Amino acid sequence: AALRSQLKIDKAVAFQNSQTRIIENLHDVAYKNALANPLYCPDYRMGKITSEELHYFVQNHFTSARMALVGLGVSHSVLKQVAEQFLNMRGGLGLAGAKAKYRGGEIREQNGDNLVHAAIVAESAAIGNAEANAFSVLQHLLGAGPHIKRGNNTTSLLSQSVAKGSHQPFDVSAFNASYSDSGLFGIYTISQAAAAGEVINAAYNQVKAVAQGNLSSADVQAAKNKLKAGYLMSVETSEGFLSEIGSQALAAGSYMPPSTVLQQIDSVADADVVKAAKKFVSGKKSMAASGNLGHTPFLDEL
Amino acid sequence: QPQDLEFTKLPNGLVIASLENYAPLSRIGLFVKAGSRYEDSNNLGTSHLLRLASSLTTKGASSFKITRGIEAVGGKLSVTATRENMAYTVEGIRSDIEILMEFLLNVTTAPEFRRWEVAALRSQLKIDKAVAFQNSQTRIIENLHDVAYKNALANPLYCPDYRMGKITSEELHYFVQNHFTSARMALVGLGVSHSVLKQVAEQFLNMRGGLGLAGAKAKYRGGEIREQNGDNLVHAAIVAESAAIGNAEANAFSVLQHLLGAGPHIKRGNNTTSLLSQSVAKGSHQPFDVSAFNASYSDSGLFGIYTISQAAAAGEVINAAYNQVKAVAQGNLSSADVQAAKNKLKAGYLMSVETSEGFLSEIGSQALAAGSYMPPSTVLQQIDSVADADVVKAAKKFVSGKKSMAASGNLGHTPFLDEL
Amino acid sequence: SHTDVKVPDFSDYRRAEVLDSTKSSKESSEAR
Amino acid sequence: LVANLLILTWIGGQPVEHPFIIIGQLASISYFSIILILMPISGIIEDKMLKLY
Amino acid sequence: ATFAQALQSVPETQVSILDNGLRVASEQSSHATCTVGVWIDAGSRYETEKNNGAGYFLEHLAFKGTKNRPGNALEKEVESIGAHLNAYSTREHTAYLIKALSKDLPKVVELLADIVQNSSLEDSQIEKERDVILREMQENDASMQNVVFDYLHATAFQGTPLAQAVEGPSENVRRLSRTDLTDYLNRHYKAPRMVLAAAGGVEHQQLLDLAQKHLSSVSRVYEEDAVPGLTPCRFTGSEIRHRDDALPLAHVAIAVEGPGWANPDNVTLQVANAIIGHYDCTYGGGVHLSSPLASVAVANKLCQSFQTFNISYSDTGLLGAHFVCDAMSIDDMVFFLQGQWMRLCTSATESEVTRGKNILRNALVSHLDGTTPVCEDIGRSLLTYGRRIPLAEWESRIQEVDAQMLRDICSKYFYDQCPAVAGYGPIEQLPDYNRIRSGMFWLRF
Amino acid sequence: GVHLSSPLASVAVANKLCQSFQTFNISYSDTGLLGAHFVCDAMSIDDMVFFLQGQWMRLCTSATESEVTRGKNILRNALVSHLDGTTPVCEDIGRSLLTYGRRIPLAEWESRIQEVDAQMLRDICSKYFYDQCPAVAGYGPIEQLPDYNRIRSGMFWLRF
Amino acid sequence: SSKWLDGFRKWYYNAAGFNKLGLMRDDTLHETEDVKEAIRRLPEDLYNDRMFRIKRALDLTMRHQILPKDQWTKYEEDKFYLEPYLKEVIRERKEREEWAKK
Amino acid sequence: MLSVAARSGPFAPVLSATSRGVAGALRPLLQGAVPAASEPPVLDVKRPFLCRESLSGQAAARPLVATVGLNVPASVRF
Amino acid sequence: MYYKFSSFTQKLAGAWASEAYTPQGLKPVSXXXXXXXXXXXXXXXXXXXXXXXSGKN
Amino acid sequence: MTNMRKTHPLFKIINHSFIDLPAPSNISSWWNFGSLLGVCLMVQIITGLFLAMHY
Amino acid sequence: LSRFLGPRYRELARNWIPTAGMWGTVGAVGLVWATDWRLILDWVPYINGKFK
Ligand code: HEM
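Residues numbered from 1 in each chain as written, not as in the entry; some residues may be left out. Chains lettered and ligands numbered in written order. Part of a larger assembly, values for the part shown. Heavy atoms only, no water. Residues with missing side-chain atoms left out of burial classes, pairs and counts.

The deposited coordinates for this entry were obtained by cryo-EM, with a reported resolution of 3.6 Å.

Shown next as structure tokens:
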């Protein structure tokens, strides 16, 4: 009862930036259940969550088959001792899930920001697939972010294609998000209110050109190098290493070496990138838009 | 003596309708084509602030003078705005109708729009929006329009929260200048003289005479949105593109709406002749409320089904209503039911126009859309001229057309468009 | 329900002119 | 006015002889005239000179 | 034409009496629609604490089936003719009314007679309507102004049949049976306490012969030679406080005893209520409203809403105000409302007297516009006054009300009188009875 | 929440004064700015200045071995957790060779931490905070920000 | 005759002393309820300029100093910005008093 | 029947927004009252982006990650 | 759908369909009423145990 | 912990009246005469108390 | 100045004349009761007896 006010304050702080709200709305319009559920508490649910509900959630999902205890700088004997001391009392697999069926669609929130955010995604592969590896390679090919402070993003094909026909502030990137049984790959555009249509059209045409096959092996190799470097810098710190081994323990149930990860990333081919881009182009779309939406195109206009 | 309508068209485009029934209360309305559909993405809520700004300072009458004078003479001044139209209606004694005329014309045609007054009025805008969204049906309908249309009719009747606190006197002046022109205005008066109505219109309506800023044609998009807010009752409106108003297909859509159920007729009634109510009550024991929602604006229409049900039974009730409409589209209906629907529509129209407020609204809307009054006997004749095959064709159009869904409540069992 | 709320009896406290509920006031209230 | 109160203090110190009677009457008359008549007219003249109406 | 001769030019209402004593009244208009209803002198003032929900539960069972049309056949006929069927019940009057076209008048009259004198009460329908009336009781006390309405009547007319609510208590809902409903129907649905009122496109001779054909000989007998009588109801100055702080707003109603239906001071009290008035948070007048209470409330942000009411019953009534406000301004609005009341009591002024007269004239004519409200006025007027009071007489009384008789009648009914107070919600700051009384009088007159 | 170890944070949660506060120690060649930056509403600036000055002079007057050990552990964990990562290691190497002329090892840092106790903490705090003229920078609704004389008067106690 | 009147008005404007503090006549206007309503009706930039001028005058009076000769506001650049707002407020107030009087 | 009030039976007051500039002689029913709705919390204003170099990197490219701590501020990673 | 009775004005006023022709709500189950205040017969229920409570240890 | 100067009742009255009283910054030496009048009043209280003590 | 010169204020004033005049009579009788004027109390038929 004292904590629900902090829940409201934390939601406001997390929603202080618009990418959080855009991603929440994008998941809500992309999925029907189990992934349309927001990562933050709804306003009506604030003041309504009870300790009995918390106890039910903990007893149903905090079970031993769904938990993985990892540790850096600790002995395996001590970890096993505390595991058999505490975590042995849990039941089993718990609740199954809801398989996260896809729906597609679009929503557009007009809130009068200076910039317009628009995310257009489609269904992709899940965690543990060569298609998912190809989607990650394609995301780093189209541009997963900047590598230079105040750079021009020469290698980023989406950034080059949008900057070819604009003279205004913008930011276009490839948004990739894989999960247990579903994925979301698409484009994210922050632009002006007037230039949102041409920015989104240029980005979509660039991805369409990639799907048709306008790409070279050198750019695929550069994207693979970017992905390998990003993975290695993720594993580089202790936070990222612990998060990676915990995620691997949950998903695969066994540890996968970074050498093997980079080996399969190298084993990703360019035809798989073309196939993933074709899948994004031909798949049903989910659009989440926010800002001043007078010139932002709709899904059927694309 | 109760006479008929007197209609004139002034050279600046204004339509004047008068009816001298010697009623004890004279009521004068002025109807403009300045609804919320004529705003774009940069000035949303300007129509709402203009609707709430009918008692501000005007050129020739201050806000204090307007309020105190109208309340001292006992008359009333109201603004009824739909997405296409805005009606400024004054009502009072026949003796005070002249100062009621000049107050209404000052408010309509010469608004000063001082900055401090709209700055004070924004809080009243917040209060009015909250009171209007206290019930979920209005919220569902606004969300339904936003989903169904792209640019013109998707603009809400109430100001969006980001635009609140940002509407300015310059934007209000631009809206009034661009849409309060003599070619889009109609002055109707019940209980007054046509000569005095004509003379006050010609000596208050010289300042603006243009055609005005033409709005954009409404574009349909379809889709669905959901307001998961944990209510025990799930509201769900499933509509589709229908005919624009003033068409034989629009008349057929109205007959189909009254066939499927266009509201109750008996207090605490079971709705035994409503086809949707029959199809839902044949399989559901929980309370429900299923009706046919029809809304035909001059550019385009929305026809569909409205449903209030429980959280668990929402899918069953929605599926039963949709299957009933699909059976009507296939052609499982009787001429006795069609005739009963026509009789219900005729009775509803005559009950809408028998009150003097409804009579004023009907004459004003007719004067705006067509420029002449078309008598209720001809309405009865065209309603009779609606055929059964037209109703079947309208139901087929609704079934085949792409859908727009606005839902709210606890939606663990509410289906989607592809689940229908 | 709110209709179940019935005001309890006060006949142990009423004055001599307001004991019965079948006789209207204004002929005794001003005297009181 | 402050000068007039000083004159009134001096006259109240002084006895009842010529010309202290006429100085006291003139001082009291001028004191009341300044405090009741002259100051508001001076304020109105001041507002008119500053062009406030 | 001017207002007075226009009110003369309003058509008059033809009243006739059948042999059984039922009063058939009609007003003809140029509309193509008609509104025909039956108004019956029956209600909570007649119910006697053992059948308190009998009339309202019979209002439930009226449209559920009759002898001639069982089940949904009657509703099917109403839908086929396209009519609208409505009903209501008060503490004194029970009404069943139909809106239809003019050409369906014989069907409407036959259906109304079937509702009135041939209602069938099946036991399964009784149980289903018991569930329905319990659910509607829950919906009624879910709303908040009706709770204060019933609380004010209870604390005002305690110990009398006027305190008990129209829908009755839940225990009476559960224990009412068919025998008590039949006793109530055979006791309080007599011919001489019923008015068949029609308004709109209705021809009086056609209505009279239709009543003679269908609706003649309803009962004509009391089967005991015993007509029940209405005893006077004692009004007790009192207060009821239902404190429940979880509600976000507080509703407070303060009233005094009204004059009655036939009292001539009712017009003057309506003038005073027009002067004080009504307001809610959606009014666009702002701080320039002529009502001092509304202007003060909107200037100081005191209340969400307030209203003045004048309810009248047989030689009694409730005259006062009801306001919705937050917990931090209840004492402020009680003080300002009492100040406005005693301002009318002591220093009523001809300017706002004429303003209130104009407001009352506009309110009367604007309400009486419409076939259903004018039919309701005809039925209620023949039940209460024994005649339909013309708008010319209403305007004559309004014209003869001046400032002196306004302040005299206001001092007679408002000044230095014990009120009935009903508070609901966060009413901690609502002043007690002694402070409300000390506001109800002044020390300077 | 309320039960935070820092008493300034605890009183901030208890009285609902500030939005946030942080403490900074920026160092240049024989120069530094050492103090606190806090953002709050317009009705709590005086309260947070009073509480911050009270905590500063509580450190200057009455240090405690338990809280000193807690702060030493906090600084140890902060140092090692920051130096976790090759990019902060390179940053520390560059900054250390630019400033100290050498890279101070973590063993040397731990030795200095073990050298610090409550007595020299009290001495250093009384040397650097107590009876010292501050630099104050305010931005926003800072009408309730206390006067500079009041800030100085809070920067010396009359009981010490 | 007009030129001598403007010269005498300028001499009085110098002798009043509020030009030496950077103030204008509207700044030196005492805040009656009508004046306060007019100040509330002023736009943002004129309000900020007026309050900064008042604050600077308070600072100069605290230091018992005046502005330098070139920074004195002059007679011809003294603008009567509060005059139309104050006139409108007094007009509305007089209308309210007339309505209450009748 | 060329008006939405006569076209939509029960949905006419939903499709039509009515507000009076001055109070009428007759009071309406269902007056309505705002039940003192709550206020959003005050927050520090975020910087805008007036150039492409400052806007670069703001586009999301990863699943949304929330992070809270006992003594660490919450972080949202895109 | 047009008119519904008003308690305070005692006149048939204007209203929507949802409060004129369905004044009963759409609630699934009729909930029970409140407790019987000022009752002559009172039956208190035993909560837990008296021997289990009253322990200051 | 609390701020005693603004939470203690007599002390918060004293603080709001004389310590944290918002005063104009530019008031001259003519504004000291109220405090001088109060201090002269207290001086008269004490001094006349001793005079009536011996009178 | 001209706030109290109008028809509304005139009729408010002449409505309040009887109440203010009665209050003045109350003040007069209370003052003569408190101060015991010979000039008034020697003319009433009772209270004059105790003066003798
Ligand atoms: C409680 C407060 C005071 C007390 C107890 C007090 C007491 C006295 C006493 C006992 C005397 C006679 C002793 C003497 O004159 O030798 C006296 C004289 C006097 N008092 Fe006060 N006094 C008080 C306040 C004041 C104030 C406030 C004033 C003026 C503003 C004042 C003005 C005088 C003067 C002028 C004298 C004449 C002294 C002289 O002529 O020698 N007193 N006072």
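So that's the structure; there's more coming.
Student: Outline the overall build of chain I, supporting the account with residue identities and numerical values.
Tutor: A tally of helices and strands in chain I yields one helix and two strands. N-terminal to C-terminal, the α/β element order of chain I is β-β-α. In terms of C-alpha radius of gyration, chain I reaches 24 Å, well past the compact-globule figure of 10 Å for 57 residues. The principal-axis extent of the C-alpha atoms belonging to chain I is close to 70 × 30 × 20 Å. (Helix = DSSP H or I, 4+ residues; strand = E, 2+ residues; numbered from the N terminus. Rg over C-alpha atoms; globule rule 2.2 N^0.38 Å.)

Student: Explain the overall build of chain B to me, and be specific about the residues and the numbers.
Tutor: Within chain B one finds 14 helices and eleven strands. Its C-alpha atoms give chain B a radius of gyration of 23 Å, near enough to 22 Å, the size a compact globule of 420 residues would have. Counting only C-alpha atoms, chain B reaches 65 × 50 × 35 Å along its principal axes. Evaluated residue by residue, chain B yields a buried proportion of 66% over its 420 residues. For chain B, the exposed area adds up to about 13,700 Å²; of that, 50% sits on carbon and sulfur atoms. Within chain B, one finds 39 positive and 37 negative side-chain charges whose respective centroids are separated by 3 Å. (Buried < 20%, exposed > 50% of the residue type's maximum accessible area, 1.4 Å probe, protein only. Areas by Shrake-Rupley, 256 points an atom, 1.4 Å probe, with all protein chains shown as cover. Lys, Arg positive; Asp, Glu negative; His and termini not counted. Charge placed at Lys NZ, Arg CZ, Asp CG, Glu CD.)

Student: An account of the interface of chain B and chain E is needed here, citing residue identities and associated values.
Tutor: Listed as interface residues are 43 residues of chain B and, on the opposing side, 51 residues of chain E. Summed over both partners, the interface of chain B with chain E comes to about 4,000 Å²; 54% of that surface belongs to carbon and sulfur atoms. Where chain B meets chain E, there are four salt bridges. Close ionic contact of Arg355(E) with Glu71(B) constitutes a salt bridge, the shortest N to O distance being 3.9 Å. Remark: the boundary between chain B and chain E carries 20 residue pairs in polar contact. Counting only elements with at least two residues in the side of chain B that touches chain E, the list comes to β3 (25-32), α2 (63-73), β5 (86-93), α4 (115-132) and α11 (335-354) of chain B. Considering only residue class, the side of chain B that touches chain E consists of 16 nonpolar, 17 polar and ten charged. (Contact = heavy atoms within 4.5 Å. Buried area = accessible area lost by both parts, 1.4 Å probe. Salt bridge = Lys/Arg side-chain N within 4 Å of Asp/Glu carboxyl O. Polar contact = N/O pair within 3.5 Å; in protein donor to acceptor, adjacent residues only side chain to side chain. Nonpolar A, V, L, I, M, F, W, Y, C, P; charged D, E, K, R; others polar.)

Student: Describe in detail the site of the ligand, supporting the description with residues and values.
Tutor: Residue and element names in this part refer to chain J. The environment of the ligand is formed by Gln44, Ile45, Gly48, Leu49, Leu51 and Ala52. Between the ligand and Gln44 there is a distance of 3.3 Å, counted from a nitrogen atom to a side-chain nitrogen or oxygen. Considered class by class, the residues forming the shell around the ligand number four nonpolar, two polar and no charged. (Near = heavy atom within 4 Å.)

Student: Residues and numbers for unusual backbone geometry, please.
Tutor: For the bond from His18(D) to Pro19(D), the omega torsion is 0°, close enough to zero to count as cis. Looking at the element boundaries, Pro19(D) is found in the loop between α1 (2-13) and α2 (20-49). At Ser217(E), a position not held by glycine, the phi torsion is positive, near 60°. Along the polypeptide, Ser217(E) turns up in the loop between α9 (204-215) and β7 (238-243). Despite not being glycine, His64(G) shows a phi value in the positive range, around 55°. In this fold, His64(G) is placed in the loop between α3 (44-62) and α4 (82-101).

Student: Residue-level account of helix α5 (residues 130-142) of chain A, with values.
Tutor: Residues and elements named next belong to chain A. If you check α5, its first and last C-alpha atoms are 18 Å apart, about what 13 residues at 1.5 Å a residue would give, namely 18 Å. α5 sits mainly inside the fold: ten of its 13 residues count as buried. Inspection of α5 places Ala132, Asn133, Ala134, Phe135, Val137, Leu138, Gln139, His140, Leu141 and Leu142 among the buried residues, and these make up the whole buried set. Directly beyond the C-terminal end of α5, a positive phi value near 110° is found at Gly143. (Expected span 1.5 Å × (residues − 1).)

Student: Account for the packing of helix α8 (residues 217-236) of chain A against helix α10 (residues 258-267) of chain A, with residues named and values stated.
Tutor: Each pair of packed helices gets described by two things: the angle between the helix axes and the distance between those axes. All names here are of chain A. Interhelical geometry of α8 versus α10 gives an angle of 160° and a closest axis separation of 10 Å. The angle between the axes of α8 and α10 places the two elements in the roughly antiparallel class. For the crossing formed where α8 meets α10, the hand is right-handed. When α8 is examined against α10, the residues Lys224, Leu227, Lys228, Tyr231 and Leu232 are found in contact with a partner set consisting of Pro258, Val261, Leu262, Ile265 and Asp266. Broken down by class, the residue content of the contact of α8 with α10 amounts to seven nonpolar, no polar and three charged. (Axes fitted to C-alpha atoms, helices over the stretch in contact; angles between N-to-C directions. Parallel < 35°, antiparallel > 145°, perpendicular 65-115°, else oblique. Left-handed = near helix turned anticlockwise from the far one by under 90°.)

Student: Quick one: what's the story with the side chain of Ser356(B), residue by residue and with numbers?
Tutor: Topologically, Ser356(B) is positioned in helix α12 (residues 356-369). A polar side-chain atom of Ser356(B) sits 2.4 Å from a polar atom in the side chain of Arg27(B). Here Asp369(E) takes part through its side chain, which lies 2.9 Å from a polar atom of the side chain of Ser356(B). Residues in contact with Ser356(B), not counting those within four places in the same chain, are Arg27(B), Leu190(B) and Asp369(E).

Student: Mind laying out the sheet that holds strand β6 (residues 194-200) of chain E, listing which residues take part and the relevant values?
Tutor: Paired through backbone hydrogen bonds, the strands of a sheet run either parallel or antiparallel to each other. All names here are of chain E. The strand order across the open sheet built from six strands is β1-β2-β6-β3-β5-β4, with neighbouring strands paired in mixed fashion. Either end of the sheet is taken by a strand with one partner, and the two such strands are β1 (13-17) and β4 (84-89). Sheet twist, expressed as the average angle between the axes of neighbouring strands with direction ignored, equals 15°. Pairing between strand β2 (residues 23-28) and β6: six bridges, direction parallel. Across the sheet, residue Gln28 finds its bridge partner in β6, namely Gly200. Here α9 sits on the sheet in contact with β1, β2, β3 (33-41) and β6, set at roughly 150° to β2. (Pairing = 2+ DSSP bridges.)

Student: Please give an account of the arrangement of the chains that cites residues and values.
Tutor: Sorting the 18 pairs of chains in contact by contact count puts chains B and E at the top. In this assembly chain B lies apart from chain F, the nearest approach of their C-alpha atoms being 21 Å.

Student: Would you mind going over the pattern of salt bridges in detail, with residue names and values included?
Tutor: Summed over the entire model, instances satisfying the criterion amount to 78 salt bridges over all chains. Linking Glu301(A) and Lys150(B) is a salt bridge whose minimum nitrogen-to-oxygen distance equals 3.7 Å. A residue pair is termed interchain when its members come from two chains, as with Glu301(A) in the segment after β5 (285-291) and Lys150(B) in the loop between α5 (136-148) and α6 (169-179). The class for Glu301(A) is partly exposed, based on a relative accessible area of 43%. Between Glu11(K) and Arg14(K) there is a salt bridge, and its shortest N-O distance comes to 3.8 Å. Of the two residues, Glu11(K) and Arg14(K) are both situated in helix α1 (residues 7-35); the distance of three residues between them amounts to about one turn of the helix. Taking the relative accessible area as the measure of exposure, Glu11(K) reaches 23% and is therefore partly exposed. One salt-bridge network, in which partners are shared between bridges, spans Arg114(B), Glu37(G), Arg40(G), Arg41(G), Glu88(G), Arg91(G) and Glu92(G).

Student: Quick rundown of the nonpolar core? Include the residues and the values.
Tutor: If you look at the biggest cluster of nonpolar residues, it comprises 76 residues, and the most contacted ones within it are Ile254(E), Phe306(E), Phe323(E), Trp341(E) and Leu406(E). Tallying contributions element by element places helix α12 (residues 330-347) of chain E first for this core, with eight residues. Excluding residues within four positions of it along the chain, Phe323(E) makes contact with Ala250(E), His251(E), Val252(E), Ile254(E), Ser305(E), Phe306(E), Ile330(E), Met333(E), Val334(E) and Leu337(E). Listed in part, the 64 residues of the second largest apolar core include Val15(B), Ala17(B), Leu259(B) and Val353(B). (Core = buried A, V, L, I, M, F, W, Y, C linked by side-chain atoms within 4.5 Å.)

Student: Summarise a positive patch on the surface; cite the residues concerned and give the values.
Tutor: On the surface, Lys149(A), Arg150(A), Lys46(H) and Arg47(H) cluster together to form a positively charged patch. Its place among the elements puts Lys46(H) in the loop between β1 (17-22) and α3 (52-55). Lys46(H) gets classed as exposed once you look at its relative accessible area, which sits at 56%. (Patch = residues over 30% accessible without salt bridge, like charges linked within 9 Å, V, L, I, M, F, W, Y side chains within 5 Å.)

Student: Any chance you could break down the sheet that holds strand β8 (residues 250-257) of chain E for me, citing the residues and the numbers?
Tutor: Residues and elements named next belong to chain E. The mixed open sheet is built from six strands, whose spatial order is β7-β12-β8-β11-β10-β9. Because the sheet does not close on itself, it has two edges, and the strands there are β7 and β9 (278-280). The average angle at which neighbouring strand axes cross in this sheet is 15°, direction not considered. Where β8 meets strand β12 (residues 420-425), five bridges bridge the pair, whose relative direction is antiparallel. Note that in β12 the partner of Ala253 across the bridge is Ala422.

Student: Give a description of the environment of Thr58(B) that names residues and reports values.
Tutor: Residue and element names in this part refer to chain B. Structurally, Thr58 is set in the loop between α1 (46-52) and α2. Residue contacts for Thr58: discarding those within four places in its chain leaves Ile66, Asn106, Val107, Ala110, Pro111 and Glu112. A polar atom in the side chain of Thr58 sits 2.4 Å from the backbone oxygen of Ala61.

Student: Give a detailed account of a nonpolar patch on the surface, specifying residues and quantitative values.
Tutor: Residues and elements named next belong to chain D. A cluster of nonpolar residues, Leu1, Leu5, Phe32, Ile35, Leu36, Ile37, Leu38, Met39, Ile41 and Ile45, forms a patch on the protein surface that exposes about 940 Å² of accessible area. Counting residues per element, the nonpolar patch draws most heavily on α2, at eight residues. Assessed through its relative accessible area of 37%, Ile35 is described here as partly exposed.

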